[PDB]
Amino acid sequence: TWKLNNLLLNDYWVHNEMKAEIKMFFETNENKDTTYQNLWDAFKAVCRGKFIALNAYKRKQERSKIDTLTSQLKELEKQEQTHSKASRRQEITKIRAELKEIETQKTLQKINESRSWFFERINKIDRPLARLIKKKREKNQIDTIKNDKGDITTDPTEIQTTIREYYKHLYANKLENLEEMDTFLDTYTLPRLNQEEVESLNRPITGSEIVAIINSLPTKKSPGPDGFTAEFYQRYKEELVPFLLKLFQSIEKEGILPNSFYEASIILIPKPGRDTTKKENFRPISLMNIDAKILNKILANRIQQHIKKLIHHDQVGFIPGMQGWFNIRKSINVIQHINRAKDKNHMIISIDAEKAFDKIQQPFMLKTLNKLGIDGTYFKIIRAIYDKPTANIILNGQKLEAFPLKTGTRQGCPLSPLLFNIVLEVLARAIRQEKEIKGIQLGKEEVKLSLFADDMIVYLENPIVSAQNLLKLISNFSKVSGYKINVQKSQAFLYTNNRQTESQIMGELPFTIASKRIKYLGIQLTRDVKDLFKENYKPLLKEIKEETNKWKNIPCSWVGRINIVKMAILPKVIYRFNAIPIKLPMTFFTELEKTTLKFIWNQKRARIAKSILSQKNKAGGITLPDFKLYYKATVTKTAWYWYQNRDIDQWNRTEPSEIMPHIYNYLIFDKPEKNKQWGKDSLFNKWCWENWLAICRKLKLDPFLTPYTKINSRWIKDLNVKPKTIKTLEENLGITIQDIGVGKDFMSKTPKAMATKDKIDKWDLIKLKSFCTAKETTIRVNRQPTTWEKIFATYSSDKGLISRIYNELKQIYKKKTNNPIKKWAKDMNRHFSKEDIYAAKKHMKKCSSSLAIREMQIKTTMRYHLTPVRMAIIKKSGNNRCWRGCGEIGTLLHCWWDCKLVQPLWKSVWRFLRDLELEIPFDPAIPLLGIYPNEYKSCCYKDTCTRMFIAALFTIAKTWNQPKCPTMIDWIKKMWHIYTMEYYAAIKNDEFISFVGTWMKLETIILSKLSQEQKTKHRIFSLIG
DNA sequence: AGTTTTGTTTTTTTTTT
DNA sequence: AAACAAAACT
RNA sequence: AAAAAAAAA
DNA sequence: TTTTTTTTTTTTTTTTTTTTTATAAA
DNA sequence: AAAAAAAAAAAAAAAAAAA
DNA sequence: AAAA
Ligand SMILES: Cc1cn([C@H]2CC[C@@H](COP(=O)(O)OP(=O)(O)OP(=O)(O)O)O2)c(=O)[nH]c1=O
Ligand SMILES: [Mg+2]
Ligand SMILES: [Zn+2]
């Protein structure tokens, strides 16, 4: 079965022929003998045909010379068989060499192109580095399976039969009891879309809407069974979009899809931590055609606009703008309530749906859509999509016969996640409505359910009655929906006053009782909240230690190892902070940094100080992650939710009410409270507040009355003023006191405000007028806001909040450090200005795109290398002499510049610089640091000079302690290696005009100095000429 | 008149289901 | 994390 | 070796 | 209930002690 | 020579006692 | 070498 090889899309001739035939197919064929649904499948056939004809012809053309030479040679050598002739034996000898020459040159180019690709990526957070830490990928196979007979057997046809028959059976059984489905849907109260929303769903698809979905498709994904890639649609979107628009208009009008839209390829994924050999345990992941996914993406985006009307905020999975940590913190707060409660009769139950996406009954799903009020062209298209889907299973690369998908949503489809949620929402609403399933009461809050996708947790009081009624309702839902739970795999915490009472409830109920802990959404919930640190954070330290211990001999530098910590460790650390932001002891951070540094410096003491690595300005953009500042950024982030005061955030309201419940709405940018006994038992919120204050006083802010103080605040309420006035001001004029206006602008800022001014309750203006015009009020409110205050007040999106706060914290806590560039200036007798020190830092960033070349420069400037002077101090000795043996004292400036063994190389480089007909002083700061005197600071030739100098640095460093001269030829080899890596990358990225500028002059000079012997031995030949 | 800063956009990997 | 472009401050 | 949302660099 | 004193914790600064054996390539 | 760690000082918040 |  064919696939498009994306490499063909690059090639100038291939593109021109395809663009020509796409025009020619549609102009010829398009008429009313054909439906557009048929015509689209006919187009794809012709297009797949032409790619095959183009690929084959291209491959012939590339081989034509060796084709000819091999034919011509064998002809002459058969002439040898009758009579053996000297001149022919010469001619045969000549050509047989040239055949071997061409085969060599093709081989080398393939190696150099591969090395060039790796040279761009090395030590970067990219697929190569990610693959280095991971084990070898698998090619999925079956050779042994466990049989319907109960046998473990290995016959190839018997496995193909046993797999297919099993998956065919899973999807086969569609329910038929439509009248019972209606009865369940009438039993309960459900939302409805209104006429404006429904009109939005059914609106005509447009050409601009299609191109936006094409632009966003994920590159480097497998194609569907027809073998066209996302890269194809992106390449030809100019031709394809007019015809695609005609396709979707025809589907809207008729509700008939093309036959290919139904097709999908199942590949079998083994589930984590379970048997391969059981057919029981695989996940079927589907590949669909890209044209069908374009349509399905259109429909999913439309319904996503409305989804918050349909789905209650107890569901956070798949929902835009929601967070999984919302459910984790809510659940921990409920568990604390039970721990505190004097009379215990309570249960917490974790439930998961078995094969949830596969077992949804499609007729129930379509009835649900109508009941919510979705009908018209949108419902018509959804019904067509489910009319007859089929799968083929691809096993060991072989394509099995196809079966119908009569249950389930399509498990690799963009529309399937939302459709599953809408169906599950019918059960969620029914549980909330039913009052003999009793929730837990937390002051003014009742809590019953939290959902994440198909994952469900339930909070009950008086479980003996309440849990039985829950099970009964789920049975009724199962009969109509198809949804099913495994009750034994469902885990519960049970709380009772006596052991007798526990034994009764356990006897009656089907659930598994967890004494210590339940794993949930990535974390451990504990039966007592005291345990949170022990179960979550202590295990996380132990797991990081083992992980770095395995990696300890991995072959990358300290630069690459820093990136490994960022890529692999940092995400799981942040996730745990965000789920459970409890006060952590200082020893936790001490152990985490010791472990991480010991890995980066390969169990040897650091070569560069962690102080210098702290800031991006220093060390060329390599930065070490600060775990304490990430912890502070996560704890402080909660304050953004307190200021927003959103009705969806029930997780924030859930902490112990005991003295006073409202206070968190009043804390931020609002007046200090005398009472200091709120939050006595707070797990999260009290620690958040203490961190917020400490940062504000570090900044020397007054946090308590600000340009962002709300009208809905204690400041206005301690003025004893009627809520009708408060609401009037917000309705008319906006929410901040600065929107009212203070001092001389009290209402006068707009006519709309003075239009408001008369309206308000008579005496309350005199109260307001006094406060708003007071001398202290004008001073505090009129000041300019800081960047810190803008984070919490200004932004309507929680998006990207940890990264903003962390960037502020790094400036607030910015430390002083030693500068290596100053020590260089002392090793030489010279002063570097601020402009010189700026040039050194920029150069260390901009010397290359490759981290390989950048690392070498960074090590040179930052004084990485050991010296005899340093080593004699360490060993407590007086033998500080140059290791090369020239007899002088081994300072760092001796080792790089001044040693007589190194000096002949540097003079060689200055001879080339005269052949480029530059002129530069002979000054160690230019090649080692990148600091030029004030004339040459501008010059265009610096990119050439940078390549010459960094090549010299490599040559000297390679024989650092050796009693021999660095040679000129080793220097030319390095400079030619860099030239080669840059050439293939410059083509791949279409940069060849830049490349020719830098290298062209230098390349001519390198070739002029070598002999033909040397050029042959070291394979030095032009890639430009 | 010149350089630095701030924001958006395109590309990588990891977390949950 | 990088690059590019727009606006303000030195 | 596919889908959705979220997070960081 | 309010104000002042005392005690504890955290963060920053300064001084003292210890190191590593060459490096880049892989 | 250079980096890290330990020790001491300084400041602010919280608690208890007195006015 | 650490991809497709
Ligand atoms: C992990 C994962 C999940 N999904 C979707 C589709 C199903 C739901 C539920 O997945 P679940 O872990 O419950 O598994 P489930 O299918 O419900 O089977 P069991 O719950 O193990 O019976 O999430 C997916 O599309 N891709 C994935 O890689
Ligand atoms: Mg499930
Ligand atoms: Zn020397």
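Numbers restart at 1 for each chain; the letters A, B, ... are given by sequence-line order, proteins then strands.
Using a cutoff of 4.0 Å between basic side-chain nitrogens and carboxylate oxygens, A/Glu120 and A/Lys988 are not scored as salt-bridged. The pair A/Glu808-A/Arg804 fails the salt-bridge criterion, with no side-chain N (NZ, NE, NH1 or NH2) lying under 4.0 Å from an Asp/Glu carboxylate O. Ion pairing of A/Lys610 with A/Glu593 is absent here, as no side-chain N (NZ or NE/NH1/NH2) approaches a carboxylate O to less than 4.0 Å.
Here A/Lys134 does not reach the OP1 or OP2 of G/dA2: none of its side-chain N or O atoms lies under 4.0 Å away. Phosphate contact (OP1/OP2 of D/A8, side-chain N/O of A/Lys572, threshold under 4.0 Å): absent. Residue A/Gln323 places at least one side-chain N or O under 4.0 Å from the OP1 or OP2 atom of D/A7. Using a 4.0 Å cut-off, some side-chain N or O of A/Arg607 falls inside it from OP1 or OP2 of E/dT23. Side-chain nitrogen and oxygen atoms of A/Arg605 include none within less than 4.0 Å of the OP1 or OP2 phosphate oxygen of F/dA2. The side chain of A/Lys566 places an N or O atom within less than 4.0 Å of a non-bridging phosphate oxygen (OP1 or OP2) of C/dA1. The phosphate of C/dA2 has OP1 or OP2 within less than 4.0 Å of a side-chain N or O from A/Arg854. Checking the phosphate oxygens (OP1, OP2) of F/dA13, a side-chain nitrogen or oxygen of A/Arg697 falls inside 4.0 Å. Taking only side-chain nitrogens and oxygens, A/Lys604 comes nearer than 4.0 Å to OP1 or OP2 of E/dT21.
Nucleotides C/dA5 and D/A6 place their P atoms 29 Å apart, quoted to the nearest Å. Nucleotides E/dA22 and G/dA4, compared at atom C1', are 38 Å apart to the nearest Å.
Checking A/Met567 against A/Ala453, the closest nucleotide of DNA chain B that is more toward the 5' end is the one next to A/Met567.
Applying the 5.5 angstrom centroid cut-off and the 30 degree plane-angle cut-off, the aromatic ring of A/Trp117 is stacked upon the base of G/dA3. Under the stacking definition used here (centres under 5.5 Å, planes under 30°), the residue A/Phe118 qualifies as stacked on the base of G/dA1.
Neighbouring bases E/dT7 and E/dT8 form a stack, their six-membered ring centres lying under 5.5 angstrom apart with planes under 30 degrees. The six-membered rings of D/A1 and D/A2 are unstacked by the 5.5 Å centre and 30° plane criterion.
Here the rule is side-chain contact (heavy atoms from CB on, under 4.5 Å) with A/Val565, and of A/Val573, A/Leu624, A/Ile600 only A/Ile600 fits it. For the ring-ring contact (aromatic ring centres under 6.0 Å, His included) with A/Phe589, the lone residue among A/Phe627, A/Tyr630, A/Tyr631 that qualifies is A/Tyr631.
Pairing analysis of DNA chain F (Watson-Crick: purine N1 to pyrimidine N3 plus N6-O4 or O6-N4; G-U wobble: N1-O2 and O6-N3; both under 3.5 Å) yields stems of 3 or more pairs at E:1-19 with F:1-19.
Picking from E/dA24, G/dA2, B/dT17 the nucleotide with the shortest atom distance to the side chain of A/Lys958 gives E/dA24. For A/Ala606, taking side-chain heavy atoms from C-beta onward, the closest of the listed nucleotides F/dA4, D/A1, B/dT17 is F/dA4. Side-chain proximity of A/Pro320 to E/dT20, D/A5, E/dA24: nearest is D/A5. Of the candidate nucleotides F/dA3, D/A4, B/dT15, B/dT15 has the atom lying nearest to any side-chain atom of A/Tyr575.
Looking at heavy-atom distances under 4.0 Å, A/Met288 makes no contact with the nucleic acid at all.
The separation between A/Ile393 atom CD1 and D/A1 atom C1' is 15 Å, rounded to whole Å. Atom CH2 in A/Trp640 sits roughly 11 Å away from atom P in D/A7 (whole-Å rounding). Atoms NZ (A/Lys676) and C1' (F/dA13) sit 7 Å apart, rounded to a whole Å. Across the protein-nucleic acid pair, A/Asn961 atom CG and E/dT23 atom P stand 8 Å apart, rounded to whole Å.
Within 3.5 Å, no donor on the side chain of A/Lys875 pairs with an acceptor on the base of E/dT19, nor the reverse. Between the side chain of A/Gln411 and the base of D/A2, no donor-acceptor pair under 3.5 Å is found. For a distance-only test at 3.5 Å, the side chain of A/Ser416 fails to qualify as a donor-acceptor partner of the base of D/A4.
A/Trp558 and A/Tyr864 have parallel rings, their planes meeting at less than 30° on a 0 to 90° scale where 60° marks the start of perpendicular.
The pentose of B/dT12 is categorized as north (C3'-endo side) on the basis of a positive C1'-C2'-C3'-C4' torsion. A positive value of the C1'-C2'-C3'-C4' torsion places the sugar of B/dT17 in the north (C3'-endo) family.
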Grab the N/O contacts between the protein and nucleotides 2-12 of chain B below 3.5 Å, and write none if there aren't any.
from: B/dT4; atom 1: OP2; to: A/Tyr838; atom 2: OH; distance (Å): 2.8
from: B/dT12; atom 1: OP1; to: A/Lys220; atom 2: NZ; distance (Å): 2.8

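Atom NZ of A/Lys3 has 12 or fewer neighbouring heavy atoms from other residues, nucleotides or ligands inside a 6.0 Å radius.
Base pairing annotation: B/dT3 forms a Watson-Crick or G-U wobble pair with C/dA8, both donor-acceptor distances under 3.5 Å.
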